[PDB]
Amino acid sequence: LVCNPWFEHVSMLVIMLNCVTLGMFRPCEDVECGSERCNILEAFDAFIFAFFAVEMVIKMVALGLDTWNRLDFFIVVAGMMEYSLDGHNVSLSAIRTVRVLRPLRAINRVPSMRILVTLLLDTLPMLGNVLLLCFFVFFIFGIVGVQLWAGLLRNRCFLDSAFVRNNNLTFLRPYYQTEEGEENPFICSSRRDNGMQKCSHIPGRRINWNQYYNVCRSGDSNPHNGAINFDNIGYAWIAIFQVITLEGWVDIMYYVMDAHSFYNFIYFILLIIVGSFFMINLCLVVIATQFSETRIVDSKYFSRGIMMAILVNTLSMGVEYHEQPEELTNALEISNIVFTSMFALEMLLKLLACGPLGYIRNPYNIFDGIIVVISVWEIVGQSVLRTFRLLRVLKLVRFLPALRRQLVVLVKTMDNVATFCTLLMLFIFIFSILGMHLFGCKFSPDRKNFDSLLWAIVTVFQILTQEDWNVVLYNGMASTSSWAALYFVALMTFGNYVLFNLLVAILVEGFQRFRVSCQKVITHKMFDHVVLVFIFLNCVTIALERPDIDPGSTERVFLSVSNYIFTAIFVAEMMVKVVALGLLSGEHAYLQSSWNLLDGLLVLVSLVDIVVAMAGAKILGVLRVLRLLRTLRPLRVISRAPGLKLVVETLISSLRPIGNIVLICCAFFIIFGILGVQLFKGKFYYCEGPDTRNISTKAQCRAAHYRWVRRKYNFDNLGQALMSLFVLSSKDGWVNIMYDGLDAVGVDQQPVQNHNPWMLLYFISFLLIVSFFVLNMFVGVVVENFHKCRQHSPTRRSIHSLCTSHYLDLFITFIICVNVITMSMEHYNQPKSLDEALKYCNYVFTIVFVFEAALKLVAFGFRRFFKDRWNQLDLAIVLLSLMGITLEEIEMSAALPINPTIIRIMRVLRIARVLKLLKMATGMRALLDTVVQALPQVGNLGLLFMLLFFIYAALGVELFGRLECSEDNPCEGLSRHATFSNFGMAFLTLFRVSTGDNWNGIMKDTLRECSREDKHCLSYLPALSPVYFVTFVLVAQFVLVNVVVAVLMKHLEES
Ligand SMILES: CCCCCCCCCCCCCCC(=O)OC[C@H](COP(=O)(O)OCCN)OC(=O)CCCCCCCCCCCCCC
Ligand SMILES: CC(C)CCC[C@@H](C)[C@H]1CC[C@H]2[C@@H]3CC=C4C[C@@H](OC(=O)CCC(=O)O)CC[C@]4(C)[C@H]3CC[C@]12C
Ligand SMILES: CC(C)CCC[C@@H](C)[C@H]1CC[C@H]2[C@@H]3CC=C4C[C@@H](OC(=O)CCC(=O)O)CC[C@]4(C)[C@H]3CC[C@]12C
Ligand SMILES: CC(C)CCC[C@@H](C)[C@H]1CC[C@H]2[C@@H]3CC=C4C[C@@H](OC(=O)CCC(=O)O)CC[C@]4(C)[C@H]3CC[C@]12C
Ligand SMILES: CC(C)CCC[C@@H](C)[C@H]1CC[C@H]2[C@@H]3CC=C4C[C@@H](OC(=O)CCC(=O)O)CC[C@]4(C)[C@H]3CC[C@]12C
Ligand SMILES: *[C@@H]1O[C@H](CO)[C@@H](O)[C@H](O)[C@H]1NC(C)=O
Ligand SMILES: *[C@@H]1O[C@H](CO)[C@@H](O)[C@H](O)[C@H]1NC(C)=O
Ligand SMILES: [Ca+2]
């Protein structure tokens, strides 16, 4: 019965059987219960539920009245309620949802998966301090957002009520709305605010009605069908949660810039730095620590010959492109015969040298054998076997022992990855079925839907990658209820929590006479500081450069003259230093260090700039190239600052241990790049027009007077293919590229939605394998840092007792906790009765703090009281509260000498009372301290991060400073808020790129061609653009990775 294993096997078979019937659910067809197919599935489910009742009875009879035994009881109890309730028509379909819990029974039946889930549950309790820090972020930023932006995103530009009445015409739509509709709302700034968008910015007609929408006031709805707004604490948290995931966080920022003020970017930069970066990556650090506490053939020349032969063949497959000349097609097949024959000869010699059994004694010889016969099989049989010619690159692991030793190490990582993958697949399956029950057949259809198991799993998988997950959220909220956000919050939270534990699991198994004067000047203590000032001033000159400076303006004269002065100063600095040390004859000479070589090259480039500028000659092309190099002069700051020099050299040394993983990742990119060209070259064209459903070929597109155009990210050649793979790896806009590959039909054929669903294997396989390499690169850097780190008064006394006793602290805690509750009750258009109730509460809390300060004064004495910082903090809030109450009362009276701005700020500043809880949070203070001790390392990396932005911010203005956007030449990523028109706007844009929010959209806008009519084009910008974004993304991520490692190491040694 119970003391034998086969009874558990039978239980596992029935549990697996339920997984099949749950996946067979059809949300559109089964909910009506009409089909015979349905009738037998409910019959199967009743059969399965009957067994589960029998199992529970037997195990009950055997044992008498363990989390996992409770769990089976909960599932049986809930199932019986649903099973027996059949008969009452009220909410029966909603109660059917409890069935999605049943696959959880597999956890306890599978031993290895049972142990893993035990470790997760034992590690969760300790995350209380991280959770406490999370509440502080959501409450502080939640209340601040509501008091600032409540009801503003309902603003629209309306017609004047007097205008519509006196003119006796009502055919006009009441408020301005774009031709697209309410999905693109024109949010306007009210007269009592200073937002970026006014009703005077409405375009004219394209018979002048648009100019009569001249009053800005509240409408009925907020953006995205009411999903995005700050009308209450509830909607504020949904907006904050989306920002913390760094998905569509700029669209939220643009709304409040249009409606309220430009300087709202401060709110989102602080929320992203504190909330997204530190508060999420402290979750990893905490788990990381806790989980740790818990005669011719054998010749060298012959081997080298075959080595280069394989390499040349592998690379020749990369010269394919869309419109090949047929003589190039024939050349590649001639080249195939030569190399195929060469490997065939190689096998023949080795078979004669060792005999067949001797040849089979080596596995790599067996592998090479299978490829040769498959290659010969293709030639004799003259598109299937062509793809398998990519396997020839695998022969190089024989001749690369260094890479061979890395591959086996990665393989040894995958024996524990398997355990986590099983738990994730069960995790994804449960949410995939849940989504079908909640949202099935209700997103009427969108590609991102839960109408079937295949696209339910893909949608759930997509949400975990956090790509357009906000688009699915708005569908869920609008279709069912605003409380549908908890589905996505739980999915992302638990999904990422489980993924951190995989990263930690790998880490822990990883740990297991004039010359005399010059020499004196160069050795002066103040030489570096004196030169650092000129470098700083030169940076200011670069920041002021922008395209809109008129050539004849005084600013141009100031900037041009400054260039000559700085050029002379740094020529003199170099000269004096070269005289002191010598150029390259001495051992201390100038060019004996790379930091001196860099300065030399910059000075040379500067001199060439003077020479070219002196030319009245056909040197326009060369001039623009030198302008780009002038943006690299700020790099001289690194060598003058010892702090930056150490960090910069540290990052370079950190690439050594992960050198082989990068090479394997690069080889993977090319193998998939070549494969993508073979699959999709020439098929990413499409017809662009208003009525296109009737078009099916290029010829019909031409006939319809439309235009035949190509996607920006495509696979027409290996150069285009690599750019597409990078966008997939970064997982920004990767879903759109996947649709193009799923809809590909052929050359000169219109793509058809979901034409080839089997192409999901190509795109999903690349994301998974690439993520596995990037996961092992982060581990490699951590393991290296760890290995190197470990190698390196009768009436007064009674009051004093009360103040000394803990009773006062608990009373203080209760009052502020109640205050936080009253601060969350504010909301747009709240009733006047609530206004009176809240202001009365403010009276009570202020009096309590005033007494709290008095008693503390009486107990401890003035100066001894004031010594403690916490006591100083109390006095500030008490003082802060008094001025806020005073301003409020006087303004509410008849006199009005105060600005409504000062009242707003004082009202917002009362959120500072939350800091009085921080004293009780001893655990959280220790966690925050862990970051405070890591500033000397994290601080220097921050300087490098800002220096990275400065060079690319200045470079961006030079490259993309003149790119326009218009209805004639539309742009997908750039807008009125994201531009490189000046250094200030370029800095803000790079922060968006750094977070990765739709950075791929900005690159598109630079890949699109120049107009035939317009001037100032750079015909080779589409070639420079990928290099700019690719290098920035990699360097930016690498720098931020080391910041996490710096904090991670300190916590381990500190603990
Ligand atoms: C740290 C705190 C938790 C952080 C978690 C972040 C994610 C929060 C998402 C959950 C909030 C979802 C509710 C949003 C909300 O209140 O607005 C929707 C709802 C209106 O729904 P209708 O579709 O019926 O609208 C039509 C109106 N006729 O608004 C309300 O009805 C207000 C009631 C709730 C007040 C706000 C407090 C909600 C409590 C949230 C707690 C979530 C905790 C999750 C850990
Ligand atoms: C060492 C560095 C970091 C010093 C600080 C950087 C500044 C030099 C940056 C930051 C703010 C920038 C300014 C932000 C806004 C403007 C207004 C704008 O001026 C105009 O000509 C108005 C635009 C229009 O005509 O519509 C563009 C240049 C300027 C002065 C920017 C020039 C570059 C500035 C001064
Ligand atoms: C070789 C590997 C190890 C490194 C990666 C370098 C790539 C960026 C190189 C390798 C082969 C190159 C390609 C070889 C041949 C062509 C065809 C050539 O075709 C055309 O002139 C287009 C004509 C048309 O189709 O209208 C355009 C450049 C391109 C794609 C090259 C772009 C740059 C590529 C992809
Ligand atoms: C290995 C990973 C990290 C990505 C590598 C970076 C790529 C995004 C870059 C490297 C070189 C770039 C290429 C350099 C030169 C060109 C010019 C131009 O190439 C062509 O001649 C093809 C255009 C055509 O079809 O005619 C268009 C883009 C392309 C291939 C670039 C596409 C983007 C590439 C492949
Ligand atoms: C302190 C944290 C844990 C939240 C729990 C405290 C509650 C007592 C507060 C939090 C936010 C408050 C809500 C904020 C705003 C609103 C919306 C208001 O009007 C609506 O229902 C809006 C309709 C819409 O959804 O558009 C009714 C009061 C209510 C629910 C408030 C009632 C009291 C709530 C639920
Ligand atoms: C323009 O707007 C103002 C303010 O709402 C209004 O008084 C005026 O009548 C409007 N003018 C026209 C021509 O609609
Ligand atoms: C599509 O085009 C065909 C001719 O090619 C025409 O007969 C048909 O009416 C069109 N269908 C629609 C509705 O556009
Ligand atoms: Ca994105």
# chains A, B, ... in the order shown; residues from 1 in each chain; ligands from 1
$ residues_near_ligand --ligand "ligand 1" --cutoff "9 Å" --atoms "only C-alpha atoms and all ligand atoms" --output "VMD selection string"
chain A and resid 131 to 132 134 to 139 226 to 227 231 to 242 477 to 478 480 to 486 488 to 490 824 to 825
$ write_last_selection --atoms "C-alpha atoms" --output "mmCIF file, in the first residue's frame"
data_model
loop_
_atom_site.group_PDB
_atom_site.id
_atom_site.type_symbol
_atom_site.label_atom_id
_atom_site.label_comp_id
_atom_site.auth_asym_id
_atom_site.auth_seq_id
_atom_site.Cartn_x
_atom_site.Cartn_y
_atom_site.Cartn_z
ATOM 1 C CA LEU A 131 11.623 43.139 1.557
ATOM 2 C CA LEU A 132 11.608 45.918 4.157
ATOM 3 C CA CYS A 134 11.427 47.307 -0.943
ATOM 4 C CA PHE A 135 8.469 48.700 1.012
ATOM 5 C CA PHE A 136 10.343 51.931 1.747
ATOM 6 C CA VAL A 137 10.918 52.477 -1.978
ATOM 7 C CA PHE A 138 7.330 51.784 -3.034
ATOM 8 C CA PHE A 139 5.803 53.883 -0.245
ATOM 9 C CA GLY A 226 -6.671 53.870 -17.585
ATOM 10 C CA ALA A 227 -3.758 51.556 -16.772
ATOM 11 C CA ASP A 231 -4.685 58.896 -9.181
ATOM 12 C CA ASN A 232 -4.183 56.643 -6.142
ATOM 13 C CA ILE A 233 -1.525 54.637 -4.328
ATOM 14 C CA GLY A 234 -2.687 51.509 -6.143
ATOM 15 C CA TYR A 235 -2.109 52.877 -9.638
ATOM 16 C CA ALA A 236 1.118 54.549 -8.504
ATOM 17 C CA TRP A 237 2.632 51.205 -7.493
ATOM 18 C CA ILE A 238 1.766 49.672 -10.871
ATOM 19 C CA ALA A 239 3.619 52.540 -12.546
ATOM 20 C CA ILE A 240 6.573 52.241 -10.159
ATOM 21 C CA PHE A 241 6.763 48.471 -10.610
ATOM 22 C CA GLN A 242 7.027 48.942 -14.375
ATOM 23 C CA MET A 477 -6.112 44.920 -16.959
ATOM 24 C CA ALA A 478 -8.424 46.232 -19.680
ATOM 25 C CA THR A 480 -10.670 41.452 -16.954
ATOM 26 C CA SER A 481 -9.815 43.763 -14.054
ATOM 27 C CA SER A 482 -7.146 46.148 -12.815
ATOM 28 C CA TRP A 483 -6.326 43.532 -10.169
ATOM 29 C CA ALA A 484 -5.001 41.362 -13.013
ATOM 30 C CA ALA A 485 -1.640 43.054 -12.384
ATOM 31 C CA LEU A 486 -0.940 40.648 -9.513
ATOM 32 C CA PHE A 488 2.317 39.630 -13.740
ATOM 33 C CA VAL A 489 3.804 40.843 -10.447
ATOM 34 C CA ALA A 490 3.948 37.285 -9.105
ATOM 35 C CA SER A 824 -1.969 56.474 1.373
ATOM 36 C CA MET A 825 -5.678 57.358 1.500
#
$ closest_atom_pairs --of "chain A" --to "ligand 8" --cutoff "9 Å" --atoms "only C-alpha atoms and all ligand atoms" --output "Markdown table"
| residue | atom | partner | partner_atom_place_in_ligand_line | distance |
| --- | --- | --- | --- | --- |
| A:246 | CA | ligand 8 | 1 (Ca) | 7.8 |
| A:247 | CA | ligand 8 | 1 (Ca) | 5.4 |
| A:248 | CA | ligand 8 | 1 (Ca) | 6.6 |
| A:466 | CA | ligand 8 | 1 (Ca) | 7.3 |
| A:467 | CA | ligand 8 | 1 (Ca) | 5.1 |
| A:468 | CA | ligand 8 | 1 (Ca) | 6.0 |
| A:469 | CA | ligand 8 | 1 (Ca) | 8.7 |
| A:731 | CA | ligand 8 | 1 (Ca) | 7.3 |
| A:732 | CA | ligand 8 | 1 (Ca) | 4.5 |
| A:733 | CA | ligand 8 | 1 (Ca) | 5.8 |
| A:734 | CA | ligand 8 | 1 (Ca) | 8.6 |
| A:996 | CA | ligand 8 | 1 (Ca) | 6.5 |
| A:997 | CA | ligand 8 | 1 (Ca) | 4.7 |
| A:998 | CA | ligand 8 | 1 (Ca) | 4.5 |
| A:999 | CA | ligand 8 | 1 (Ca) | 7.5 |
| A:1000 | CA | ligand 8 | 1 (Ca) | 8.2 |
$ residues_around --residues "residue 730 in chain A" --least-positions-apart "5" --cutoff "12 Å" --atoms "only C-alpha atoms" --output "list in words"
residues 465, 466, 467, 723, 724, 725, 735, 766, 767, 768, 770, 771, 774, 993, 994, 995, 996, 997, 998, 999, 1000, 1029, 1030, 1033, 1034 and 1037 of chain A
$ closest_residue --among "A:877, A:433, A:665, A:144" --to "ligand 4" --atoms "only C-alpha atoms and all ligand atoms"
A:665
$ residues_around --residues "range 719-722 of chain A" --least-positions-apart "2" --cutoff "9 Å" --atoms "only C-alpha atoms" --output "list in words"
residues 669, 670, 672, 673, 674, 676, 677, 681, 712, 713, 714, 715, 716, 717, 724, 725, 726 and 727 of chain A
$ atom_distance --atom1 "CA of residue 322 in chain A" --atom2 "atom 34 (C, counted along the ligand's line) of ligand 4"
16.6 Å
$ residues_around --residues "range 683-693 of chain A" --least-positions-apart "4" --cutoff "10 Å" --atoms "only C-alpha atoms" --output "ChimeraX atom specification"
/A:322,677,679,697-698,700-702,704-716,737,740-741,743-752
$ write_last_selection --atoms "N, CA, C and O atoms" --output "CSV table (one decimal), in the first residue's frame"
chain,number,residue,atom,x,y,z
A,322,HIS,N,22.2,38.0,-50.4
A,322,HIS,CA,20.9,37.8,-51.0
A,322,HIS,C,21.0,37.6,-52.5
A,322,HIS,O,20.7,36.6,-53.1
A,677,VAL,N,21.3,33.5,-42.2
A,677,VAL,CA,21.4,33.9,-43.6
A,677,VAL,C,20.8,32.8,-44.5
A,677,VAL,O,20.0,33.1,-45.4
A,679,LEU,N,18.6,30.7,-43.8
A,679,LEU,CA,17.2,30.5,-43.5
A,679,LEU,C,16.3,31.7,-44.0
A,679,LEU,O,15.3,31.5,-44.6
A,697,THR,N,2.4,39.7,-53.3
A,697,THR,CA,3.7,39.6,-54.0
A,697,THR,C,4.2,41.0,-54.2
A,697,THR,O,3.5,42.0,-54.1
A,698,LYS,N,5.5,41.1,-54.6
A,698,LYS,CA,6.1,42.5,-54.9
A,698,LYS,C,5.3,43.1,-56.1
A,698,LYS,O,5.0,44.3,-56.0
A,700,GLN,N,2.2,42.9,-57.0
A,700,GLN,CA,1.0,43.5,-56.6
A,700,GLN,C,1.2,44.7,-55.8
A,700,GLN,O,0.4,45.7,-55.8
A,701,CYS,N,2.3,44.8,-55.0
A,701,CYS,CA,2.7,46.0,-54.3
A,701,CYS,C,3.0,47.1,-55.2
A,701,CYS,O,2.5,48.3,-55.0
A,702,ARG,N,3.7,46.9,-56.3
A,702,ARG,CA,4.0,47.9,-57.3
A,702,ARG,C,2.7,48.4,-57.9
A,702,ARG,O,2.5,49.6,-58.1
A,704,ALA,N,-0.4,48.4,-56.7
A,704,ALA,CA,-1.2,49.1,-55.8
A,704,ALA,C,-0.6,50.5,-55.4
A,704,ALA,O,-1.1,51.2,-54.5
A,705,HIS,N,0.5,50.9,-56.1
A,705,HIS,CA,1.2,52.2,-55.9
A,705,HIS,C,1.7,52.3,-54.5
A,705,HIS,O,2.0,53.4,-54.0
A,706,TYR,N,2.0,51.2,-53.8
A,706,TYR,CA,2.6,51.2,-52.5
A,706,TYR,C,4.1,51.1,-52.7
A,706,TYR,O,4.6,51.3,-53.8
A,707,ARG,N,4.9,50.8,-51.7
A,707,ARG,CA,6.3,50.8,-51.7
A,707,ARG,C,6.8,49.5,-51.0
A,707,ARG,O,6.4,49.1,-49.9
A,708,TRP,N,7.8,48.8,-51.7
A,708,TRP,CA,8.4,47.6,-51.2
A,708,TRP,C,9.6,47.9,-50.4
A,708,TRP,O,10.6,48.5,-51.0
A,709,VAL,N,9.6,47.6,-49.1
A,709,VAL,CA,10.7,48.0,-48.2
A,709,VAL,C,11.2,46.8,-47.4
A,709,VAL,O,10.5,45.7,-47.3
A,710,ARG,N,12.3,47.0,-46.8
A,710,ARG,CA,13.0,45.9,-46.0
A,710,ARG,C,13.1,46.3,-44.6
A,710,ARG,O,13.2,47.5,-44.2
A,711,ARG,N,13.0,45.3,-43.7
A,711,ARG,CA,13.2,45.5,-42.3
A,711,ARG,C,14.6,46.0,-42.0
A,711,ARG,O,15.6,45.7,-42.7
A,712,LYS,N,14.8,46.8,-40.9
A,712,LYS,CA,16.1,47.3,-40.5
A,712,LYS,C,16.9,46.1,-40.1
A,712,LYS,O,18.1,46.0,-40.4
A,713,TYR,N,16.4,45.2,-39.3
A,713,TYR,CA,17.1,44.1,-38.7
A,713,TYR,C,16.7,42.8,-39.5
A,713,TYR,O,15.6,42.3,-39.4
A,714,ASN,N,17.6,42.3,-40.4
A,714,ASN,CA,17.3,41.2,-41.3
A,714,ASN,C,18.5,40.3,-41.4
A,714,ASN,O,19.5,40.5,-40.7
A,715,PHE,N,18.4,39.3,-42.3
A,715,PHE,CA,19.5,38.4,-42.6
A,715,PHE,C,19.9,38.3,-44.1
A,715,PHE,O,20.0,37.2,-44.6
A,716,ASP,N,20.0,39.4,-44.7
A,716,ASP,CA,20.4,39.4,-46.2
A,716,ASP,C,21.9,39.0,-46.3
A,716,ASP,O,22.2,38.5,-47.4
A,737,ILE,N,11.8,40.8,-34.1
A,737,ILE,CA,12.6,40.0,-35.0
A,737,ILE,C,12.1,38.6,-35.1
A,737,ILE,O,12.1,38.0,-36.2
A,740,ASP,N,9.2,38.4,-37.6
A,740,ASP,CA,9.7,38.5,-39.0
A,740,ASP,C,10.1,37.1,-39.5
A,740,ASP,O,9.8,36.8,-40.6
A,741,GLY,N,10.8,36.4,-38.6
A,741,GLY,CA,11.3,35.1,-39.0
A,741,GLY,C,10.1,34.1,-39.1
A,741,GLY,O,10.2,33.1,-39.8
A,743,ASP,N,7.1,34.9,-40.0
A,743,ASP,CA,6.2,35.3,-41.1
A,743,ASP,C,6.9,35.2,-42.4
A,743,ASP,O,6.2,35.5,-43.4
A,744,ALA,N,8.2,34.9,-42.5
A,744,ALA,CA,8.9,34.8,-43.7
A,744,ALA,C,8.2,33.8,-44.7
A,744,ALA,O,8.0,32.6,-44.2
A,745,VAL,N,8.0,34.1,-45.9
A,745,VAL,CA,7.4,33.3,-46.9
A,745,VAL,C,8.5,32.9,-48.0
A,745,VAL,O,8.7,31.8,-48.3
A,746,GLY,N,9.0,33.9,-48.6
A,746,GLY,CA,10.0,33.7,-49.7
A,746,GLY,C,10.4,35.0,-50.3
A,746,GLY,O,10.0,36.1,-49.9
A,747,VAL,N,11.2,34.9,-51.4
A,747,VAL,CA,11.7,36.1,-52.1
A,747,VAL,C,10.5,36.6,-52.9
A,747,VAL,O,9.9,35.9,-53.7
A,748,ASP,N,10.2,37.9,-52.8
A,748,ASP,CA,9.2,38.6,-53.5
A,748,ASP,C,7.8,38.1,-53.1
A,748,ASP,O,6.8,38.2,-53.9
A,749,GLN,N,7.7,37.5,-51.9
A,749,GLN,CA,6.4,37.1,-51.4
A,749,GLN,C,6.1,37.9,-50.1
A,749,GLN,O,6.9,38.0,-49.2
A,750,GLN,N,4.8,38.3,-50.0
A,750,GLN,CA,4.4,39.0,-48.8
A,750,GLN,C,4.5,38.1,-47.6
A,750,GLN,O,4.0,36.9,-47.7
A,751,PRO,N,5.0,38.5,-46.4
A,751,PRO,CA,5.0,37.7,-45.3
A,751,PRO,C,3.6,37.4,-44.7
A,751,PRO,O,2.7,38.3,-44.8
A,752,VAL,N,3.4,36.2,-44.2
A,752,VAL,CA,2.1,35.8,-43.6
A,752,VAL,C,2.2,35.5,-42.2
A,752,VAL,O,3.2,34.8,-41.8
$ decode --residues "range 627-639 of chain A" --atoms "N, CA, C and O atoms" --output "PDB file, in the first residue's frame"
ATOM      1  N   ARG A 627      36.954  65.540 -36.615  1.00  0.00           N
ATOM      2  CA  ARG A 627      35.994  66.012 -35.621  1.00  0.00           C
ATOM      3  C   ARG A 627      35.562  64.883 -34.695  1.00  0.00           C
ATOM      4  O   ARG A 627      35.407  65.080 -33.485  1.00  0.00           O
ATOM      5  N   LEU A 628      35.357  63.686 -35.248  1.00  0.00           N
ATOM      6  CA  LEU A 628      34.945  62.559 -34.417  1.00  0.00           C
ATOM      7  C   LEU A 628      36.032  62.184 -33.417  1.00  0.00           C
ATOM      8  O   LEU A 628      35.736  61.855 -32.263  1.00  0.00           O
ATOM      9  N   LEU A 629      37.297  62.231 -33.838  1.00  0.00           N
ATOM     10  CA  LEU A 629      38.385  61.848 -32.946  1.00  0.00           C
ATOM     11  C   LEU A 629      38.615  62.884 -31.854  1.00  0.00           C
ATOM     12  O   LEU A 629      39.177  62.559 -30.803  1.00  0.00           O
ATOM     13  N   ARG A 630      38.197  64.132 -32.079  1.00  0.00           N
ATOM     14  CA  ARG A 630      38.371  65.155 -31.056  1.00  0.00           C
ATOM     15  C   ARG A 630      37.543  64.872 -29.812  1.00  0.00           C
ATOM     16  O   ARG A 630      37.795  65.473 -28.764  1.00  0.00           O
ATOM     17  N   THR A 631      36.559  63.975 -29.901  1.00  0.00           N
ATOM     18  CA  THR A 631      35.725  63.672 -28.745  1.00  0.00           C
ATOM     19  C   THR A 631      36.390  62.687 -27.792  1.00  0.00           C
ATOM     20  O   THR A 631      35.847  62.428 -26.715  1.00  0.00           O
ATOM     21  N   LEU A 632      37.550  62.136 -28.161  1.00  0.00           N
ATOM     22  CA  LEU A 632      38.266  61.206 -27.298  1.00  0.00           C
ATOM     23  C   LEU A 632      39.314  61.884 -26.428  1.00  0.00           C
ATOM     24  O   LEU A 632      40.055  61.186 -25.728  1.00  0.00           O
ATOM     25  N   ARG A 633      39.401  63.212 -26.455  1.00  0.00           N
ATOM     26  CA  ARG A 633      40.384  63.894 -25.618  1.00  0.00           C
ATOM     27  C   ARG A 633      40.102  63.759 -24.126  1.00  0.00           C
ATOM     28  O   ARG A 633      41.067  63.791 -23.343  1.00  0.00           O
ATOM     29  N   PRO A 634      38.857  63.616 -23.660  1.00  0.00           N
ATOM     30  CA  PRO A 634      38.641  63.451 -22.213  1.00  0.00           C
ATOM     31  C   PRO A 634      39.292  62.208 -21.627  1.00  0.00           C
ATOM     32  O   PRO A 634      39.354  62.087 -20.397  1.00  0.00           O
ATOM     33  N   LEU A 635      39.776  61.279 -22.456  1.00  0.00           N
ATOM     34  CA  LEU A 635      40.413  60.077 -21.924  1.00  0.00           C
ATOM     35  C   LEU A 635      41.700  60.395 -21.178  1.00  0.00           C
ATOM     36  O   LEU A 635      42.187  59.564 -20.403  1.00  0.00           O
ATOM     37  N   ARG A 636      42.272  61.581 -21.397  1.00  0.00           N
ATOM     38  CA  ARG A 636      43.504  61.934 -20.700  1.00  0.00           C
ATOM     39  C   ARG A 636      43.281  62.081 -19.200  1.00  0.00           C
ATOM     40  O   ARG A 636      44.248  62.133 -18.434  1.00  0.00           O
ATOM     41  N   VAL A 637      42.023  62.154 -18.761  1.00  0.00           N
ATOM     42  CA  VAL A 637      41.744  62.316 -17.337  1.00  0.00           C
ATOM     43  C   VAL A 637      42.105  61.056 -16.564  1.00  0.00           C
ATOM     44  O   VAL A 637      42.406  61.120 -15.366  1.00  0.00           O
ATOM     45  N   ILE A 638      42.080  59.896 -17.222  1.00  0.00           N
ATOM     46  CA  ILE A 638      42.320  58.636 -16.523  1.00  0.00           C
ATOM     47  C   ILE A 638      43.743  58.592 -15.981  1.00  0.00           C
ATOM     48  O   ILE A 638      43.974  58.242 -14.818  1.00  0.00           O
ATOM     49  N   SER A 639      44.721  58.943 -16.818  1.00  0.00           N
ATOM     50  CA  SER A 639      46.116  58.815 -16.409  1.00  0.00           C
ATOM     51  C   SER A 639      46.501  59.852 -15.362  1.00  0.00           C
ATOM     52  O   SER A 639      47.436  59.622 -14.585  1.00  0.00           O
TER      53      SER A 639
END
